[PDB]
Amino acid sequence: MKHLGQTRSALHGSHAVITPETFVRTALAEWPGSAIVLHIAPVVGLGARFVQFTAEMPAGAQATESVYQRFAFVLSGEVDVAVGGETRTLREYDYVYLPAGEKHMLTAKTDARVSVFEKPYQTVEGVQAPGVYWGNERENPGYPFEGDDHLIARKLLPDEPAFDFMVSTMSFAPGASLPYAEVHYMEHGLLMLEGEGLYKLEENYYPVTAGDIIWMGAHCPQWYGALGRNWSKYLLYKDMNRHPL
C-alpha cells in the first residue's frame, strides 16, 4: 500500500526510522556516476552533526575524497580503495577509515553498495589525528556486551581519544535484547544489516529489518529486541571522546 502513503518510516524531534521504499536517490560531487541515498543529514529533527548515506556504485565508477573524515563499510560487491601508494580490494563487511582530507579513490570492481559515515574532525590541541585504518567486521571477535554472550559487540575502530567517533556492530541472537533502555548524550546513526525485531525509541516501538536506517538524537531512550530465526546485526555510529562544550 506504499502508493497510498503507508510506510514504517517516521520522523520525530529526537529520532527517525528510515525505510527503503521511502529512499530518494540524489548525487554527490565526489561520487561521480554513483547514486546516493542520503539517509541522515545535519538537518534531521533537532539536529545531527554528521551524515550517513549509502552509495550504490555501478561497476567502474570512481569516488574520490571529500573534505571530511570518511568511514566506508562495504555491504555488497567489491570496492578497491586506493590511498597513498597502497590500494586494497574490499569485499562484504570490509571497511576503511580515512582521515579528513586524505587523498584517495574508491573504484567499484563490480556493482556495489557502500555504507558511508562522513564527519568533520574535532582536533585536540596535543593529539595527532589517527591515520588510515582498515578492518573486517567478521574477523573481529567481539565481546559479550555487558556479560551477555547473546549480544556480541564489535568495535570497528580503535577505542582511543585521538578518534572523533566510533563505529561498531551489535549482534543479537533471536530473543536477545539490550539489557536496558539507553539514554546518553551521544547521538546514533544506524543501519540494520541482518535480521529483524522491534526497536524502541522514546515512547514508541518500531518493527525494523535489515535495510532500515535509524537516527537517534542525543539522550533518546533507545532499546532493541531481536525476533525471527536469524541473528540480528546492525552497524552503529556514535560521536566520541570530545567535551560536549
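From 1 onward, residues are counted along the sequence shown.
Higher mean CA temperature factor, per the PDB entry, when comparing 8 to 16 with 223 to 231: 8 to 16. Of the two segments, 207 to 215 and 187 to 195, the one listed with the higher mean B-factor is 187 to 195 (C-alpha atoms only). Reading the B-factor column for the CA atoms of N136, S171, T110, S115 in the entry, the top value corresponds to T110.
Of the candidates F145, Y93, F165, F71, the deposited coordinates give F145 the top C-alpha B factor.
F50: CA B factor in the highest third of modelled residues in this chain (values from the PDB entry).
Sort the modelled residues of the chain by CA B factor and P32 lands in the middle third. The deposited CA B-factor of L156 belongs to the middle third of values across its chain. When the modelled residues of the chain are ordered by their C-alpha B factor, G126 lands in the highest third. Ranked against the other modelled residues of its chain, the C-alpha B-factor of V43 as given in the entry falls in the highest third.
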